[PDB]
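> Contents of entry_3.cif (mmCIF, C-alpha atoms and all ligand atoms):
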data_final
#
loop_
_atom_site.group_PDB
_atom_site.id
_atom_site.type_symbol
_atom_site.label_atom_id
_atom_site.label_comp_id
_atom_site.auth_asym_id
_atom_site.auth_seq_id
_atom_site.Cartn_x
_atom_site.Cartn_y
_atom_site.Cartn_z
ATOM 1 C CA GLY A 2 -60.601 138.248 53.584
ATOM 2 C CA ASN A 3 -63.211 138.790 50.861
ATOM 3 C CA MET A 4 -65.809 141.181 52.301
ATOM 4 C CA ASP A 5 -66.283 144.843 53.186
ATOM 5 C CA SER A 6 -66.669 146.464 56.602
ATOM 6 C CA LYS A 7 -70.481 146.384 56.493
ATOM 7 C CA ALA A 8 -70.318 142.630 55.828
ATOM 8 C CA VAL A 9 -67.961 142.100 58.768
ATOM 9 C CA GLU A 10 -70.411 144.031 60.961
ATOM 10 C CA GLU A 11 -73.294 141.714 60.038
ATOM 11 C CA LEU A 12 -71.139 138.643 60.738
ATOM 12 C CA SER A 13 -70.177 140.105 64.093
ATOM 13 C CA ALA A 14 -73.866 140.032 65.024
ATOM 14 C CA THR A 15 -74.443 136.566 63.548
ATOM 15 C CA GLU A 16 -75.645 133.886 65.993
ATOM 16 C CA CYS A 17 -73.167 131.409 67.449
ATOM 17 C CA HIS A 18 -75.181 128.525 66.007
ATOM 18 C CA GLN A 19 -74.587 129.681 62.426
ATOM 19 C CA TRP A 20 -70.820 129.779 62.997
ATOM 20 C CA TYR A 21 -70.784 126.424 64.830
ATOM 21 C CA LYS A 22 -72.998 124.623 62.327
ATOM 22 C CA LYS A 23 -70.768 125.685 59.428
ATOM 23 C CA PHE A 24 -67.612 124.669 61.316
ATOM 24 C CA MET A 25 -68.891 121.250 62.382
ATOM 25 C CA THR A 26 -70.259 120.532 58.900
ATOM 26 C CA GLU A 27 -66.987 121.461 57.190
ATOM 27 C CA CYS A 28 -64.653 120.137 59.886
ATOM 28 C CA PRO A 29 -66.184 116.826 61.026
ATOM 29 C CA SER A 30 -63.019 116.183 63.056
ATOM 30 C CA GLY A 31 -64.051 119.129 65.221
ATOM 31 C CA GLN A 32 -60.644 120.719 64.665
ATOM 32 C CA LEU A 33 -58.988 123.316 62.447
ATOM 33 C CA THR A 34 -55.262 123.459 61.682
ATOM 34 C CA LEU A 35 -53.957 126.936 60.809
ATOM 35 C CA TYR A 36 -54.202 126.158 57.091
ATOM 36 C CA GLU A 37 -57.827 125.026 57.431
ATOM 37 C CA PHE A 38 -58.537 128.102 59.591
ATOM 38 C CA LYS A 39 -57.384 130.293 56.676
ATOM 39 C CA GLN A 40 -59.525 128.378 54.189
ATOM 40 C CA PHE A 41 -62.594 128.454 56.438
ATOM 41 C CA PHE A 42 -62.387 132.206 57.041
ATOM 42 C CA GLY A 43 -61.063 133.187 53.612
ATOM 43 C CA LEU A 44 -57.704 134.292 55.000
ATOM 44 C CA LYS A 45 -55.181 132.776 52.610
ATOM 45 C CA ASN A 46 -52.770 134.452 50.195
ATOM 46 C CA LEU A 47 -52.399 137.406 52.547
ATOM 47 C CA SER A 48 -49.359 139.687 52.641
ATOM 48 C CA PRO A 49 -46.410 138.562 54.813
ATOM 49 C CA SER A 50 -47.433 140.882 57.650
ATOM 50 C CA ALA A 51 -51.155 140.096 57.558
ATOM 51 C CA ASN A 52 -50.361 136.401 57.225
ATOM 52 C CA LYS A 53 -48.099 136.628 60.271
ATOM 53 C CA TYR A 54 -50.899 138.321 62.213
ATOM 54 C CA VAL A 55 -53.335 135.572 61.217
ATOM 55 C CA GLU A 56 -50.874 132.964 62.502
ATOM 56 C CA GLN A 57 -50.412 134.607 65.900
ATOM 57 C CA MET A 58 -54.175 135.110 66.207
ATOM 58 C CA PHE A 59 -54.621 131.369 65.584
ATOM 59 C CA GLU A 60 -51.996 130.582 68.223
ATOM 60 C CA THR A 61 -53.719 132.923 70.656
ATOM 61 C CA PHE A 62 -57.012 131.038 70.275
ATOM 62 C CA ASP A 63 -55.219 127.662 70.374
ATOM 63 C CA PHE A 64 -55.569 127.565 74.164
ATOM 64 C CA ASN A 65 -53.893 124.213 74.745
ATOM 65 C CA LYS A 66 -51.237 124.933 72.103
ATOM 66 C CA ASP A 67 -51.645 121.583 70.326
ATOM 67 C CA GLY A 68 -51.681 123.140 66.870
ATOM 68 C CA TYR A 69 -55.453 122.912 66.371
ATOM 69 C CA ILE A 70 -58.456 125.008 67.377
ATOM 70 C CA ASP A 71 -61.005 122.458 68.540
ATOM 71 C CA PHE A 72 -64.759 122.827 69.056
ATOM 72 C CA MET A 73 -64.359 124.202 72.586
ATOM 73 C CA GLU A 74 -61.632 126.713 71.706
ATOM 74 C CA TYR A 75 -63.705 127.699 68.678
ATOM 75 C CA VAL A 76 -66.759 128.846 70.657
ATOM 76 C CA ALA A 77 -64.595 130.373 73.391
ATOM 77 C CA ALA A 78 -62.731 132.357 70.740
ATOM 78 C CA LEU A 79 -65.990 133.491 69.124
ATOM 79 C CA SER A 80 -67.262 134.569 72.557
ATOM 80 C CA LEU A 81 -64.532 137.233 72.503
ATOM 81 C CA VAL A 82 -64.593 138.137 68.801
ATOM 82 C CA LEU A 83 -68.353 138.351 68.192
ATOM 83 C CA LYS A 84 -70.677 140.968 69.694
ATOM 84 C CA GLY A 85 -71.456 140.146 73.307
ATOM 85 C CA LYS A 86 -71.433 141.514 76.839
ATOM 86 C CA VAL A 87 -68.625 143.909 77.727
ATOM 87 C CA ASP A 88 -69.104 142.840 81.335
ATOM 88 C CA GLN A 89 -68.513 139.190 80.466
ATOM 89 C CA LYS A 90 -65.631 139.914 78.076
ATOM 90 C CA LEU A 91 -63.503 141.542 80.775
ATOM 91 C CA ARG A 92 -62.952 138.199 82.516
ATOM 92 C CA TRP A 93 -62.302 136.355 79.258
ATOM 93 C CA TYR A 94 -59.702 138.888 78.129
ATOM 94 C CA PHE A 95 -58.031 138.586 81.538
ATOM 95 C CA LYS A 96 -57.853 134.806 81.172
ATOM 96 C CA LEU A 97 -56.308 135.281 77.740
ATOM 97 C CA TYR A 98 -53.599 137.609 79.066
ATOM 98 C CA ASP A 99 -52.898 135.204 81.947
ATOM 99 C CA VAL A 100 -50.727 132.905 79.824
ATOM 100 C CA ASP A 101 -49.726 130.460 82.578
ATOM 101 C CA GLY A 102 -53.162 130.490 84.187
ATOM 102 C CA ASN A 103 -51.875 131.217 87.673
ATOM 103 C CA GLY A 104 -54.687 133.758 88.068
ATOM 104 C CA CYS A 105 -52.467 136.799 87.568
ATOM 105 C CA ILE A 106 -51.259 138.803 84.566
ATOM 106 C CA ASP A 107 -47.557 139.597 84.793
ATOM 107 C CA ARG A 108 -45.677 142.211 82.745
ATOM 108 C CA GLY A 109 -44.154 139.586 80.451
ATOM 109 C CA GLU A 110 -47.466 137.847 79.759
ATOM 110 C CA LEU A 111 -49.273 141.088 78.921
ATOM 111 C CA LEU A 112 -46.448 142.157 76.602
ATOM 112 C CA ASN A 113 -46.455 138.881 74.669
ATOM 113 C CA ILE A 114 -50.214 138.739 74.063
ATOM 114 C CA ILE A 115 -50.427 142.465 73.285
ATOM 115 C CA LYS A 116 -47.807 142.008 70.552
ATOM 116 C CA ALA A 117 -49.418 138.807 69.314
ATOM 117 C CA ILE A 118 -52.803 140.470 68.724
ATOM 118 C CA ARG A 119 -51.257 143.802 67.658
ATOM 119 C CA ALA A 120 -53.415 145.733 70.127
ATOM 120 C CA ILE A 121 -51.214 148.848 69.964
ATOM 121 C CA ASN A 122 -52.075 149.353 66.290
ATOM 122 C CA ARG A 123 -55.436 150.571 67.608
ATOM 123 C CA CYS A 124 -53.924 153.394 69.681
ATOM 124 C CA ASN A 125 -53.659 156.653 67.712
ATOM 125 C CA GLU A 126 -50.105 157.876 68.260
ATOM 126 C CA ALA A 127 -46.594 156.622 69.023
ATOM 127 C CA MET A 128 -46.821 153.817 71.586
ATOM 128 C CA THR A 129 -44.466 150.840 71.709
ATOM 129 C CA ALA A 130 -45.930 147.568 72.989
ATOM 130 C CA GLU A 131 -43.322 147.643 75.755
ATOM 131 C CA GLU A 132 -44.218 151.257 76.539
ATOM 132 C CA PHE A 133 -47.960 150.639 76.591
ATOM 133 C CA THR A 134 -47.376 147.618 78.823
ATOM 134 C CA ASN A 135 -45.240 149.518 81.325
ATOM 135 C CA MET A 136 -47.902 152.246 81.323
ATOM 136 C CA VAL A 137 -50.655 149.728 82.149
ATOM 137 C CA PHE A 138 -48.788 148.536 85.233
ATOM 138 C CA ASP A 139 -47.759 152.072 86.185
ATOM 139 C CA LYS A 140 -51.451 152.982 86.163
ATOM 140 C CA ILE A 141 -53.421 149.919 87.279
ATOM 141 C CA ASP A 142 -51.019 147.668 89.207
ATOM 142 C CA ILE A 143 -52.151 149.392 92.415
ATOM 143 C CA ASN A 144 -49.923 147.540 94.888
ATOM 144 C CA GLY A 145 -46.983 147.530 92.462
ATOM 145 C CA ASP A 146 -46.102 143.840 92.752
ATOM 146 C CA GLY A 147 -45.625 143.255 89.021
ATOM 147 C CA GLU A 148 -48.836 141.267 88.721
ATOM 148 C CA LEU A 149 -52.389 142.217 87.773
ATOM 149 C CA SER A 150 -55.150 140.515 89.752
ATOM 150 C CA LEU A 151 -58.567 140.118 88.105
ATOM 151 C CA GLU A 152 -59.693 142.878 90.473
ATOM 152 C CA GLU A 153 -56.984 145.346 89.437
ATOM 153 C CA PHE A 154 -57.603 144.526 85.771
ATOM 154 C CA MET A 155 -61.374 144.997 85.782
ATOM 155 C CA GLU A 156 -61.218 148.020 88.095
ATOM 156 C CA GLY A 157 -58.395 149.802 86.292
ATOM 157 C CA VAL A 158 -59.482 149.130 82.728
ATOM 158 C CA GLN A 159 -63.005 150.366 83.501
ATOM 159 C CA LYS A 160 -61.641 153.673 84.834
ATOM 160 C CA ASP A 161 -59.615 154.406 81.709
ATOM 161 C CA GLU A 162 -61.385 154.592 78.343
ATOM 162 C CA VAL A 163 -58.095 154.126 76.516
ATOM 163 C CA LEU A 164 -57.092 150.978 78.404
ATOM 164 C CA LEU A 165 -60.570 149.533 77.933
ATOM 165 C CA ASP A 166 -60.483 150.016 74.155
ATOM 166 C CA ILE A 167 -56.953 148.729 73.566
ATOM 167 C CA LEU A 168 -57.130 145.882 76.105
ATOM 168 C CA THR A 169 -60.664 144.594 75.496
ATOM 169 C CA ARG A 170 -61.662 145.439 71.909
ATOM 170 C CA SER A 171 -58.539 144.406 70.015
ATOM 171 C CA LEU A 172 -60.220 141.105 69.182
ATOM 172 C CA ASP A 173 -63.555 142.547 67.993
ATOM 173 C CA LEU A 174 -64.301 140.884 64.646
ATOM 174 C CA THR A 175 -64.467 144.264 62.896
ATOM 175 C CA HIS A 176 -61.110 145.340 64.371
ATOM 176 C CA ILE A 177 -59.434 142.092 63.303
ATOM 177 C CA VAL A 178 -60.521 142.306 59.665
ATOM 178 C CA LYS A 179 -59.765 146.036 59.582
ATOM 179 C CA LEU A 180 -56.318 145.090 60.838
ATOM 180 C CA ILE A 181 -55.880 142.283 58.308
ATOM 181 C CA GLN A 182 -56.589 144.149 55.068
ATOM 182 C CA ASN A 183 -54.259 146.961 56.091
ATOM 183 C CA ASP A 184 -50.964 145.091 56.453
ATOM 184 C CA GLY A 185 -50.606 144.541 52.720
HETATM 185 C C1 LIG B 201 -62.172 138.866 55.357
HETATM 186 O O1 LIG B 201 -62.877 139.718 55.195
HETATM 187 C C2 LIG B 201 -62.475 137.651 56.258
HETATM 188 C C3 LIG B 201 -63.861 137.776 56.919
HETATM 189 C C4 LIG B 201 -63.996 136.742 58.050
HETATM 190 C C5 LIG B 201 -63.167 137.168 59.276
HETATM 191 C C6 LIG B 201 -62.500 135.923 59.860
HETATM 192 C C7 LIG B 201 -61.610 136.281 61.053
HETATM 193 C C8 LIG B 201 -61.829 135.215 62.131
HETATM 194 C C9 LIG B 201 -60.951 135.504 63.361
HETATM 195 C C10 LIG B 201 -61.767 135.433 64.677
HETATM 196 C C11 LIG B 201 -62.632 134.159 64.764
HETATM 197 C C12 LIG B 201 -61.846 133.021 65.412
HETATM 198 C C13 LIG B 201 -62.778 131.825 65.598
HETATM 199 C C14 LIG B 201 -61.998 130.678 66.242
HETATM 200 CA CA CA B 202 -55.989 123.496 70.588
HETATM 201 CA CA CA B 203 -50.035 134.521 84.902
HETATM 202 CA CA CA B 204 -50.826 143.944 91.538
#
As structure tokens, please, write out the structure in this file.


Amino acid sequence: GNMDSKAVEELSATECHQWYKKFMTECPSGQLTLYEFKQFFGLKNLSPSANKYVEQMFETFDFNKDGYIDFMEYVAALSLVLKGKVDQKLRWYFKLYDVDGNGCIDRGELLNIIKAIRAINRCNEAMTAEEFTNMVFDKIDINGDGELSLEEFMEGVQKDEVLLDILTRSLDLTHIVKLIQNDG
């Protein structure tokens, strides 16, 4: 919103408590609607594209899809966005991709979330979201059943530097802001 890359880096390393204390003090209801989310993070009056991205990001973190990001979804979201353990983030990204929570990531689920968080904008060269998705399965869906187990995910993404970056760093705070002020 209103800060440079160096500022975003410092925030990325800012303690959870600082983020939580500010949220709970400003949102006593323990919830944020999308509008309040924009106000809180200084994300309003963005271009149509950036605004759209902000909306889908909000929806992505709105785990129970009730239209609000509550105190639990807030810290879970920050656990992925802020600096943390790559080892721990692998499982949390998997859970995010597993839309229906059946313990497996199917082609459709991966495609939807990948588009939502614009992960392919991180790539480098021509790569459609549908193309990148089919590539992921072609490369890490070992038994070719159309589903990614946690095992296949962790194993495959850790053996491919490209998959690791695009699939588990798309929500880094610095990458999000860099993505925002770049759509308008
Ligand atoms: C512009 O520079 C805004 C700086 C603050 C970035 C806010 C982006 C927050 C998105 C991830 C956090 C989600 C917490 C539920
Ligand atoms: Ca919610
Ligand atoms: Ca699933
Ligand atoms: Ca499989």

> In Å, how far is it from CA of residue 68 in chain A to CA of residue 17 in chain A?

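Taking CA of residue 68 in chain A as the start and CA of residue 17 in chain A as the end point, the length is 23.0 Å.
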
> Enumerate, as a CSV table (one decimal) with C-alpha atoms, keeping the file's coordinate frame, the residues matched when the PyMOL selection byres (((chain A and resi 89-94) around 12) and not hetatm) is run on the file above.


chain,number,residue,atom,x,y,z
A,61,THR,CA,-53.7,132.9,70.7
A,62,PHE,CA,-57.0,131.0,70.3
A,77,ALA,CA,-64.6,130.4,73.4
A,78,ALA,CA,-62.7,132.4,70.7
A,79,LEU,CA,-66.0,133.5,69.1
A,80,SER,CA,-67.3,134.6,72.6
A,81,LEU,CA,-64.5,137.2,72.5
A,82,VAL,CA,-64.6,138.1,68.8
A,83,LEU,CA,-68.4,138.4,68.2
A,84,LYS,CA,-70.7,141.0,69.7
A,85,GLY,CA,-71.5,140.1,73.3
A,86,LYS,CA,-71.4,141.5,76.8
A,87,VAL,CA,-68.6,143.9,77.7
A,88,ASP,CA,-69.1,142.8,81.3
A,95,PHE,CA,-58.0,138.6,81.5
A,96,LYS,CA,-57.9,134.8,81.2
A,97,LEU,CA,-56.3,135.3,77.7
A,98,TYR,CA,-53.6,137.6,79.1
A,99,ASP,CA,-52.9,135.2,81.9
A,100,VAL,CA,-50.7,132.9,79.8
A,102,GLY,CA,-53.2,130.5,84.2
A,104,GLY,CA,-54.7,133.8,88.1
A,105,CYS,CA,-52.5,136.8,87.6
A,106,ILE,CA,-51.3,138.8,84.6
A,111,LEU,CA,-49.3,141.1,78.9
A,114,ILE,CA,-50.2,138.7,74.1
A,115,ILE,CA,-50.4,142.5,73.3
A,118,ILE,CA,-52.8,140.5,68.7
A,150,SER,CA,-55.2,140.5,89.8
A,151,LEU,CA,-58.6,140.1,88.1
A,152,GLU,CA,-59.7,142.9,90.5
A,153,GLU,CA,-57.0,145.3,89.4
A,154,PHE,CA,-57.6,144.5,85.8
A,155,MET,CA,-61.4,145.0,85.8
A,156,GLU,CA,-61.2,148.0,88.1
A,157,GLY,CA,-58.4,149.8,86.3
A,158,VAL,CA,-59.5,149.1,82.7
A,159,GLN,CA,-63.0,150.4,83.5
A,164,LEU,CA,-57.1,151.0,78.4
A,165,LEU,CA,-60.6,149.5,77.9
A,166,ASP,CA,-60.5,150.0,74.2
A,167,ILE,CA,-57.0,148.7,73.6
A,168,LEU,CA,-57.1,145.9,76.1
A,169,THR,CA,-60.7,144.6,75.5
A,170,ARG,CA,-61.7,145.4,71.9
A,171,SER,CA,-58.5,144.4,70.0
A,172,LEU,CA,-60.2,141.1,69.2
A,173,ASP,CA,-63.6,142.5,68.0

> Nearest to ligand CA 202 (chain B): which of A:180, A:47, A:35, A:25 is it, counting all atoms listed in the file?

A:35

> Restrict the calculation to only C-alpha atoms and all ligand atoms, then for each residue of chain A with any atom at most 8 Å from an atom of ligand CA 202 (chain B) give the closest atom pair and their distance in Å to one decimal, rows by chain and rising residue number, as CSV.


residue,atom,partner,partner_atom,distance
A:62,CA,B:CA202,CA,7.6
A:63,CA,B:CA202,CA,4.2
A:64,CA,B:CA202,CA,5.4
A:65,CA,B:CA202,CA,4.7
A:66,CA,B:CA202,CA,5.2
A:67,CA,B:CA202,CA,4.8
A:68,CA,B:CA202,CA,5.7
A:69,CA,B:CA202,CA,4.3
A:70,CA,B:CA202,CA,4.3
A:71,CA,B:CA202,CA,5.5
A:74,CA,B:CA202,CA,6.6

> Just give me the gap between CA of residue 177 in chain A and CA of residue 54 in chain A in Å, one decimal is fine.

9.4 Å

> Residues within 6 Å of ligand CA 204 (chain B), counting all atoms listed in the file: report them as a ChimeraX atom specification.

/A:142-150

> I'd like to know which of A:126, A:75, A:44, A:37 is closest to residue 21 in chain A, using all atoms listed in the file.

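Going through A:126, A:75, A:44, A:37 one by one, the smallest distance to residue 21 in chain A is for A:75.
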
> What gap, in Å, lies between CA of residue 101 in chain A and atom CA of ligand CA 203 (chain B)?

4.7 Å

> Nearest to residue 43 in chain A: which of A:163, A:178, A:112, A:137 is it, counting only C-alpha atoms?

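Closest candidate: A:178.
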
> Go through A:3, A:48, A:103, A:57 and flag the residue nearest ligand LIG 201 (chain B), using only C-alpha atoms and all ligand atoms for the distances.

A:3

> Show me, as JSON, the centre and edge lengths in Å to one decimal of the axis-aligned box that covers every listed atom of ligand LIG 201 (chain B) with 6 Å on each side.


{"center_x": -62.5, "center_y": 135.2, "center_z": 60.7, "size_x": 15.0, "size_y": 21.0, "size_z": 23.0}

> If the PyMOL selection byres (((chain A and resi 184) around 7) and not hetatm) were run on this exact file, what residues would it hold? Put them as a list in words.

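Selected by the PyMOL selection byres (((chain A and resi 184) around 7) and not hetatm) here: residues 48, 50, 51, 180, 181, 182, 183 and 185 of chain A.
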
> Which one is closest to ligand LIG 201 (chain B): A:30, A:129, A:175, A:52? Count all atoms listed in the file.

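With all atoms listed in the file as the atom set, the closest residue is A:175.
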
> Between A:113, A:34, A:135, A:122, which has the minimum distance to ligand CA 203 (chain B) (counting only C-alpha atoms and all ligand atoms)?

A:113
